[PDB]
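Colleague: Structure in structure tokens, see below.
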Amino acid sequence: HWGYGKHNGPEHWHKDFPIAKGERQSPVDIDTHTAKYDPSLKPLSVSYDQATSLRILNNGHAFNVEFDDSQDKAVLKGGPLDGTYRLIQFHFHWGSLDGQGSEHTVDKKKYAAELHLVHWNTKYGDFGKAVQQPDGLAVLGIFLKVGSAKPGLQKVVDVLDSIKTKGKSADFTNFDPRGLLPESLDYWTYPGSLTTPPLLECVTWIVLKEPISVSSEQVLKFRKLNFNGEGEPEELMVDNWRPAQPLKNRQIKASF
Ligand SMILES: [O][B+]1([O])O[C]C2=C1[C]=C([N]C(=S)[N]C1=[C][C]=[C][C]=[C]1)[C]=[C]2
Ligand SMILES: [Zn+2]
């Protein structure tokens, strides 16, 4: 099936998922000089204090840390959002080299990786229903730049040996996602899509201006993961990012 190889990568996805050539595809390049400051945009409201992480898993495309979303424990509200969006999971996209890895770019600059905190609009009842709606998901995107280590990220890095291959999972309770946020919540926002098949156009993207810093060792360990399943030929999980797509008829708004 789909992947990030030369034979099944982003340039091939449109054959099975024609929406790949849609009107509101992600990611996109964020041109800082063209983004429109919108004084009407409200501050984001990230309430993760009651977050309940459950487990971490390697699904062959990235590693996902899942949360209990059967109640309004960890939610995202405010900003450009109407309503309450519940955190269901987070994952990253990264590169084979420090100079690439993020999906969104800023004035064409690529970061070493990009964290996606995925949330779904509770008015739709469940995640499956939400992805069929234009305002079904709110993904908070955060860039990672290589520099000093991110203490909060280390708990995730240390458990990766236990989910090296596709289909492996491990218990991952009591993880606090607040440890993954930068100091500032200034952001850019635009309507887009999942950056992976089915590439549904159901996402309100909220991308933070301020990157978090992670050490070269932390991202290096991301690169030791495998796309393949155990017992299959080893393919390192790197460059699991889709390149910037045409902005088309959309405006990127800035909260600052
Ligand atoms: O492209 B992404 O990596 O970036 C942001 C993001 C990504 C993937 C998903 N999708 C998830 S969690 N499940 C899913 C599975 C099947 C159909 C629809 C959705 C959600 C958010
Ligand atoms: Zn993602």
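Please note that chains go A, B, ... in the order of the structure tokens, that every chain numbers its residues from 1, and that ligands are numbered from 1 in the order shown.
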Near residue 136 (chain A), within 6 Å and counting only C-alpha atoms, which residues show up once chain neighbours fewer than 4 positions away are dropped, as a PyMOL selection string?
Modeller: chain A and resi 120-121+130-131+202
Colleague: In region 34-256 of chain A, what's alpha helix (DSSP H) per DSSP? Answer as a ChimeraX atom specification?
Modeller: /A:127-130,151-159,216-222
Colleague: Hey, which residues sit close to ligand 2? Say within 12 Å, counting only C-alpha atoms and all ligand atoms, and write them as number ranges by chain.
Modeller: A: 26-27, 61-64, 89-94, 101-104, 113-119, 138-143, 193-197, 199, 203, 205, 207, 240-242
Colleague: Compare A:255, A:204, A:52, A:215 by their minimum atom-to-atom distance to ligand 1, counting only C-alpha atoms and all ligand atoms, and give me the closest one.
Modeller: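 Ranking A:255, A:204, A:52, A:215 by distance to ligand 1, first place goes to A:204.
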Colleague: Name the residues in contact with residue 246 (chain A) at a cut-off of 12 Å, using only C-alpha atoms, excluding same-chain residues fewer than 2 positions from it; report them as a list in words.
Modeller: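 Contacts, in chain order: residues 20, 21, 22, 23, 24, 25, 26, 27, 28, 29, 30, 104, 192, 243, 244, 248, 249, 250 and 251 of chain A.
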Colleague: Could you pull out the strand (DSSP E) residues of region 71-223 of chain A from DSSP and send them as a PDB file with N, CA, C and O atoms, in the first residue's frame?
Modeller:
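Result written to part.pdb:
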```
ATOM      1  N   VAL A  75      -8.528  18.999  25.854  1.00  0.00           N
ATOM      2  CA  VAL A  75      -9.177  19.623  24.715  1.00  0.00           C
ATOM      3  C   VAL A  75      -8.488  20.887  24.197  1.00  0.00           C
ATOM      4  O   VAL A  75      -7.719  21.538  24.892  1.00  0.00           O
ATOM      5  N   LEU A  76      -8.787  21.213  22.950  1.00  0.00           N
ATOM      6  CA  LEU A  76      -8.248  22.400  22.306  1.00  0.00           C
ATOM      7  C   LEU A  76      -9.486  23.230  21.996  1.00  0.00           C
ATOM      8  O   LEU A  76     -10.451  22.708  21.453  1.00  0.00           O
ATOM      9  N   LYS A  77      -9.479  24.506  22.351  1.00  0.00           N
ATOM     10  CA  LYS A  77     -10.621  25.365  22.062  1.00  0.00           C
ATOM     11  C   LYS A  77     -10.064  26.734  21.711  1.00  0.00           C
ATOM     12  O   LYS A  77      -8.862  26.938  21.773  1.00  0.00           O
ATOM     13  N   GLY A  78     -10.929  27.662  21.320  1.00  0.00           N
ATOM     14  CA  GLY A  78     -10.442  29.000  21.012  1.00  0.00           C
ATOM     15  C   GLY A  78      -9.744  29.110  19.674  1.00  0.00           C
ATOM     16  O   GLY A  78      -9.935  28.266  18.798  1.00  0.00           O
ATOM     17  N   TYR A  85     -12.557  20.624  20.764  1.00  0.00           N
ATOM     18  CA  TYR A  85     -11.905  19.550  20.042  1.00  0.00           C
ATOM     19  C   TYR A  85     -11.140  18.701  21.038  1.00  0.00           C
ATOM     20  O   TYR A  85     -10.339  19.206  21.799  1.00  0.00           O
ATOM     21  N   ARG A  86     -11.389  17.403  21.019  1.00  0.00           N
ATOM     22  CA  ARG A  86     -10.765  16.460  21.937  1.00  0.00           C
ATOM     23  C   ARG A  86      -9.474  15.809  21.396  1.00  0.00           C
ATOM     24  O   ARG A  86      -9.441  15.315  20.270  1.00  0.00           O
ATOM     25  N   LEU A  87      -8.413  15.797  22.210  1.00  0.00           N
ATOM     26  CA  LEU A  87      -7.159  15.173  21.801  1.00  0.00           C
ATOM     27  C   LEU A  87      -7.331  13.663  21.736  1.00  0.00           C
ATOM     28  O   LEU A  87      -7.800  13.041  22.707  1.00  0.00           O
ATOM     29  N   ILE A  88      -6.959  13.065  20.613  1.00  0.00           N
ATOM     30  CA  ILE A  88      -7.063  11.621  20.451  1.00  0.00           C
ATOM     31  C   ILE A  88      -5.661  11.014  20.354  1.00  0.00           C
ATOM     32  O   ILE A  88      -5.416   9.933  20.870  1.00  0.00           O
ATOM     33  N   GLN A  89      -4.718  11.714  19.724  1.00  0.00           N
ATOM     34  CA  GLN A  89      -3.361  11.167  19.644  1.00  0.00           C
ATOM     35  C   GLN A  89      -2.383  12.199  19.105  1.00  0.00           C
ATOM     36  O   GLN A  89      -2.803  13.245  18.633  1.00  0.00           O
ATOM     37  N   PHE A  90      -1.082  11.923  19.237  1.00  0.00           N
ATOM     38  CA  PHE A  90      -0.072  12.784  18.618  1.00  0.00           C
ATOM     39  C   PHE A  90       0.993  11.907  17.950  1.00  0.00           C
ATOM     40  O   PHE A  90       1.181  10.755  18.306  1.00  0.00           O
ATOM     41  N   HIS A  91       1.678  12.453  16.958  1.00  0.00           N
ATOM     42  CA  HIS A  91       2.716  11.701  16.271  1.00  0.00           C
ATOM     43  C   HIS A  91       3.631  12.732  15.640  1.00  0.00           C
ATOM     44  O   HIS A  91       3.370  13.940  15.737  1.00  0.00           O
ATOM     45  N   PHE A  92       4.722  12.268  15.028  1.00  0.00           N
ATOM     46  CA  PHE A  92       5.670  13.165  14.390  1.00  0.00           C
ATOM     47  C   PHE A  92       5.957  12.722  12.983  1.00  0.00           C
ATOM     48  O   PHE A  92       5.638  11.604  12.588  1.00  0.00           O
ATOM     49  N   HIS A  93       6.571  13.642  12.248  1.00  0.00           N
ATOM     50  CA  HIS A  93       7.065  13.411  10.900  1.00  0.00           C
ATOM     51  C   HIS A  93       8.504  13.915  11.006  1.00  0.00           C
ATOM     52  O   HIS A  93       8.753  14.977  11.594  1.00  0.00           O
ATOM     53  N   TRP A  94       9.448  13.166  10.451  1.00  0.00           N
ATOM     54  CA  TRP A  94      10.842  13.572  10.546  1.00  0.00           C
ATOM     55  C   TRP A  94      11.646  13.169   9.337  1.00  0.00           C
ATOM     56  O   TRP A  94      11.175  12.420   8.484  1.00  0.00           O
ATOM     57  N   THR A 105       6.342  24.172   5.861  1.00  0.00           N
ATOM     58  CA  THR A 105       7.613  24.883   5.777  1.00  0.00           C
ATOM     59  C   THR A 105       7.293  26.358   6.046  1.00  0.00           C
ATOM     60  O   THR A 105       6.144  26.791   5.915  1.00  0.00           O
ATOM     61  N   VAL A 106       8.304  27.114   6.456  1.00  0.00           N
ATOM     62  CA  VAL A 106       8.132  28.532   6.747  1.00  0.00           C
ATOM     63  C   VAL A 106       9.078  29.280   5.821  1.00  0.00           C
ATOM     64  O   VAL A 106      10.289  29.183   5.960  1.00  0.00           O
ATOM     65  N   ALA A 113      11.750  18.105  12.165  1.00  0.00           N
ATOM     66  CA  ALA A 113      10.581  17.266  12.347  1.00  0.00           C
ATOM     67  C   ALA A 113       9.379  18.173  12.640  1.00  0.00           C
ATOM     68  O   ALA A 113       9.523  19.395  12.778  1.00  0.00           O
ATOM     69  N   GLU A 114       8.210  17.553  12.714  1.00  0.00           N
ATOM     70  CA  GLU A 114       6.972  18.268  12.993  1.00  0.00           C
ATOM     71  C   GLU A 114       6.069  17.346  13.785  1.00  0.00           C
ATOM     72  O   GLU A 114       5.795  16.214  13.382  1.00  0.00           O
ATOM     73  N   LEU A 115       5.640  17.858  14.925  1.00  0.00           N
ATOM     74  CA  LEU A 115       4.733  17.164  15.828  1.00  0.00           C
ATOM     75  C   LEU A 115       3.313  17.563  15.491  1.00  0.00           C
ATOM     76  O   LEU A 115       3.019  18.741  15.304  1.00  0.00           O
ATOM     77  N   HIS A 116       2.427  16.574  15.434  1.00  0.00           N
ATOM     78  CA  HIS A 116       1.007  16.823  15.175  1.00  0.00           C
ATOM     79  C   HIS A 116       0.163  16.317  16.347  1.00  0.00           C
ATOM     80  O   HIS A 116       0.163  15.099  16.631  1.00  0.00           O
ATOM     81  N   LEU A 117      -0.520  17.236  17.034  1.00  0.00           N
ATOM     82  CA  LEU A 117      -1.436  16.865  18.115  1.00  0.00           C
ATOM     83  C   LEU A 117      -2.821  16.888  17.449  1.00  0.00           C
ATOM     84  O   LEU A 117      -3.321  17.950  17.047  1.00  0.00           O
ATOM     85  N   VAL A 118      -3.400  15.704  17.304  1.00  0.00           N
ATOM     86  CA  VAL A 118      -4.676  15.531  16.611  1.00  0.00           C
ATOM     87  C   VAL A 118      -5.886  15.592  17.527  1.00  0.00           C
ATOM     88  O   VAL A 118      -5.959  14.843  18.515  1.00  0.00           O
ATOM     89  N   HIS A 119      -6.859  16.436  17.170  1.00  0.00           N
ATOM     90  CA  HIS A 119      -8.061  16.591  18.001  1.00  0.00           C
ATOM     91  C   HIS A 119      -9.309  16.543  17.107  1.00  0.00           C
ATOM     92  O   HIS A 119      -9.268  17.003  15.967  1.00  0.00           O
ATOM     93  N   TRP A 120     -10.407  15.997  17.619  1.00  0.00           N
ATOM     94  CA  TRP A 120     -11.645  15.958  16.827  1.00  0.00           C
ATOM     95  C   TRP A 120     -12.787  16.727  17.485  1.00  0.00           C
ATOM     96  O   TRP A 120     -12.906  16.789  18.716  1.00  0.00           O
ATOM     97  N   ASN A 121     -13.606  17.348  16.627  1.00  0.00           N
ATOM     98  CA  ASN A 121     -14.733  18.178  17.044  1.00  0.00           C
ATOM     99  C   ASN A 121     -15.796  17.322  17.733  1.00  0.00           C
ATOM    100  O   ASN A 121     -16.440  16.498  17.103  1.00  0.00           O
ATOM    101  N   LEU A 137     -11.589  18.023  12.255  1.00  0.00           N
ATOM    102  CA  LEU A 137     -10.384  17.910  13.084  1.00  0.00           C
ATOM    103  C   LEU A 137      -9.667  19.230  13.223  1.00  0.00           C
ATOM    104  O   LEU A 137      -9.793  20.122  12.376  1.00  0.00           O
ATOM    105  N   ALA A 138      -8.900  19.337  14.307  1.00  0.00           N
ATOM    106  CA  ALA A 138      -8.053  20.506  14.542  1.00  0.00           C
ATOM    107  C   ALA A 138      -6.693  19.873  14.841  1.00  0.00           C
ATOM    108  O   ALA A 138      -6.565  19.126  15.811  1.00  0.00           O
ATOM    109  N   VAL A 139      -5.699  20.120  13.999  1.00  0.00           N
ATOM    110  CA  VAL A 139      -4.387  19.549  14.293  1.00  0.00           C
ATOM    111  C   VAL A 139      -3.460  20.690  14.694  1.00  0.00           C
ATOM    112  O   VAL A 139      -3.346  21.691  13.978  1.00  0.00           O
ATOM    113  N   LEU A 140      -2.834  20.551  15.860  1.00  0.00           N
ATOM    114  CA  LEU A 140      -1.902  21.555  16.347  1.00  0.00           C
ATOM    115  C   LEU A 140      -0.538  21.074  15.883  1.00  0.00           C
ATOM    116  O   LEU A 140      -0.069  20.015  16.314  1.00  0.00           O
ATOM    117  N   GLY A 141       0.097  21.852  15.008  1.00  0.00           N
ATOM    118  CA  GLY A 141       1.395  21.466  14.473  1.00  0.00           C
ATOM    119  C   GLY A 141       2.501  22.258  15.134  1.00  0.00           C
ATOM    120  O   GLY A 141       2.373  23.467  15.307  1.00  0.00           O
ATOM    121  N   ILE A 142       3.579  21.567  15.500  1.00  0.00           N
ATOM    122  CA  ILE A 142       4.712  22.179  16.183  1.00  0.00           C
ATOM    123  C   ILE A 142       6.031  21.726  15.529  1.00  0.00           C
ATOM    124  O   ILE A 142       6.296  20.540  15.349  1.00  0.00           O
ATOM    125  N   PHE A 143       6.841  22.693  15.135  1.00  0.00           N
ATOM    126  CA  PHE A 143       8.108  22.370  14.508  1.00  0.00           C
ATOM    127  C   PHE A 143       9.173  22.013  15.534  1.00  0.00           C
ATOM    128  O   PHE A 143       9.188  22.569  16.633  1.00  0.00           O
ATOM    129  N   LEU A 144      10.055  21.089  15.157  1.00  0.00           N
ATOM    130  CA  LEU A 144      11.190  20.719  16.000  1.00  0.00           C
ATOM    131  C   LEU A 144      12.483  21.149  15.298  1.00  0.00           C
ATOM    132  O   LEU A 144      12.675  20.835  14.130  1.00  0.00           O
ATOM    133  N   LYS A 145      13.345  21.883  16.009  1.00  0.00           N
ATOM    134  CA  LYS A 145      14.640  22.296  15.476  1.00  0.00           C
ATOM    135  C   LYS A 145      15.687  21.601  16.345  1.00  0.00           C
ATOM    136  O   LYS A 145      15.488  21.433  17.555  1.00  0.00           O
ATOM    137  N   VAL A 146      16.788  21.174  15.739  1.00  0.00           N
ATOM    138  CA  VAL A 146      17.846  20.513  16.515  1.00  0.00           C
ATOM    139  C   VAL A 146      18.685  21.535  17.288  1.00  0.00           C
ATOM    140  O   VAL A 146      19.202  22.499  16.716  1.00  0.00           O
ATOM    141  N   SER A 169       3.254  -2.232  19.819  1.00  0.00           N
ATOM    142  CA  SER A 169       2.733  -1.178  20.680  1.00  0.00           C
ATOM    143  C   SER A 169       3.244  -1.439  22.094  1.00  0.00           C
ATOM    144  O   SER A 169       3.730  -2.541  22.412  1.00  0.00           O
ATOM    145  N   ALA A 170       3.146  -0.429  22.944  1.00  0.00           N
ATOM    146  CA  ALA A 170       3.582  -0.558  24.327  1.00  0.00           C
ATOM    147  C   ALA A 170       2.747   0.358  25.202  1.00  0.00           C
ATOM    148  O   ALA A 170       2.305   1.413  24.762  1.00  0.00           O
ATOM    149  N   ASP A 171       2.513  -0.060  26.442  1.00  0.00           N
ATOM    150  CA  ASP A 171       1.731   0.772  27.345  1.00  0.00           C
ATOM    151  C   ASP A 171       2.481   2.100  27.509  1.00  0.00           C
ATOM    152  O   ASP A 171       3.722   2.136  27.559  1.00  0.00           O
ATOM    153  N   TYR A 187       0.341  31.580  16.476  1.00  0.00           N
ATOM    154  CA  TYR A 187       0.165  30.591  15.449  1.00  0.00           C
ATOM    155  C   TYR A 187      -0.301  31.143  14.118  1.00  0.00           C
ATOM    156  O   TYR A 187      -0.669  32.309  14.012  1.00  0.00           O
ATOM    157  N   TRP A 188      -0.268  30.264  13.120  1.00  0.00           N
ATOM    158  CA  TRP A 188      -0.797  30.556  11.792  1.00  0.00           C
ATOM    159  C   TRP A 188      -1.917  29.531  11.654  1.00  0.00           C
ATOM    160  O   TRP A 188      -1.839  28.447  12.208  1.00  0.00           O
ATOM    161  N   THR A 189      -2.974  29.865  10.941  1.00  0.00           N
ATOM    162  CA  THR A 189      -4.034  28.886  10.748  1.00  0.00           C
ATOM    163  C   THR A 189      -4.594  28.942   9.319  1.00  0.00           C
ATOM    164  O   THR A 189      -4.594  30.001   8.692  1.00  0.00           O
ATOM    165  N   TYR A 190      -5.004  27.789   8.786  1.00  0.00           N
ATOM    166  CA  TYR A 190      -5.602  27.711   7.452  1.00  0.00           C
ATOM    167  C   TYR A 190      -6.375  26.396   7.344  1.00  0.00           C
ATOM    168  O   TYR A 190      -6.161  25.479   8.157  1.00  0.00           O
ATOM    169  N   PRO A 191      -7.336  26.302   6.408  1.00  0.00           N
ATOM    170  CA  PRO A 191      -8.109  25.061   6.251  1.00  0.00           C
ATOM    171  C   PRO A 191      -7.357  24.113   5.329  1.00  0.00           C
ATOM    172  O   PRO A 191      -6.950  24.499   4.225  1.00  0.00           O
ATOM    173  N   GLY A 192      -7.193  22.873   5.777  1.00  0.00           N
ATOM    174  CA  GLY A 192      -6.451  21.913   4.983  1.00  0.00           C
ATOM    175  C   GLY A 192      -6.950  20.493   5.112  1.00  0.00           C
ATOM    176  O   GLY A 192      -8.140  20.255   5.301  1.00  0.00           O
ATOM    177  N   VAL A 203      -9.476  19.153   8.066  1.00  0.00           N
ATOM    178  CA  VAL A 203      -8.622  19.752   9.080  1.00  0.00           C
ATOM    179  C   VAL A 203      -8.464  21.254   9.147  1.00  0.00           C
ATOM    180  O   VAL A 203      -8.173  21.911   8.137  1.00  0.00           O
ATOM    181  N   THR A 204      -8.658  21.790  10.349  1.00  0.00           N
ATOM    182  CA  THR A 204      -8.349  23.185  10.583  1.00  0.00           C
ATOM    183  C   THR A 204      -6.928  23.087  11.127  1.00  0.00           C
ATOM    184  O   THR A 204      -6.699  22.521  12.204  1.00  0.00           O
ATOM    185  N   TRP A 205      -5.968  23.586  10.367  1.00  0.00           N
ATOM    186  CA  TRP A 205      -4.590  23.523  10.822  1.00  0.00           C
ATOM    187  C   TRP A 205      -4.236  24.718  11.675  1.00  0.00           C
ATOM    188  O   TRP A 205      -4.591  25.872  11.345  1.00  0.00           O
ATOM    189  N   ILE A 206      -3.533  24.441  12.765  1.00  0.00           N
ATOM    190  CA  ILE A 206      -3.079  25.495  13.678  1.00  0.00           C
ATOM    191  C   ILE A 206      -1.599  25.166  13.870  1.00  0.00           C
ATOM    192  O   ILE A 206      -1.253  24.197  14.535  1.00  0.00           O
ATOM    193  N   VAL A 207      -0.736  25.967  13.254  1.00  0.00           N
ATOM    194  CA  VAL A 207       0.705  25.722  13.309  1.00  0.00           C
ATOM    195  C   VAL A 207       1.389  26.790  14.148  1.00  0.00           C
ATOM    196  O   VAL A 207       1.306  27.981  13.831  1.00  0.00           O
ATOM    197  N   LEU A 208       2.080  26.359  15.205  1.00  0.00           N
ATOM    198  CA  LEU A 208       2.762  27.292  16.088  1.00  0.00           C
ATOM    199  C   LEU A 208       3.986  27.942  15.444  1.00  0.00           C
ATOM    200  O   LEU A 208       4.780  27.316  14.733  1.00  0.00           O
ATOM    201  N   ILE A 212      10.030  23.947  18.940  1.00  0.00           N
ATOM    202  CA  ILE A 212      10.566  23.508  20.207  1.00  0.00           C
ATOM    203  C   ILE A 212      11.950  22.989  19.814  1.00  0.00           C
ATOM    204  O   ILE A 212      12.193  22.592  18.668  1.00  0.00           O
ATOM    205  N   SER A 213      12.877  23.012  20.761  1.00  0.00           N
ATOM    206  CA  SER A 213      14.221  22.534  20.481  1.00  0.00           C
ATOM    207  C   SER A 213      14.351  21.101  20.990  1.00  0.00           C
ATOM    208  O   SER A 213      13.869  20.794  22.074  1.00  0.00           O
ATOM    209  N   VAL A 214      14.951  20.224  20.190  1.00  0.00           N
ATOM    210  CA  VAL A 214      15.195  18.835  20.594  1.00  0.00           C
ATOM    211  C   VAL A 214      16.670  18.573  20.274  1.00  0.00           C
ATOM    212  O   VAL A 214      17.249  19.250  19.415  1.00  0.00           O
TER     213      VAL A 214
END
```
Colleague: How far is it from CA of residue 41 (chain A) to CA of residue 186 (chain A), in Å with one decimal?
Modeller: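 Value for the CA of residue 41 (chain A)-CA of residue 186 (chain A) distance: 10.5 Å.
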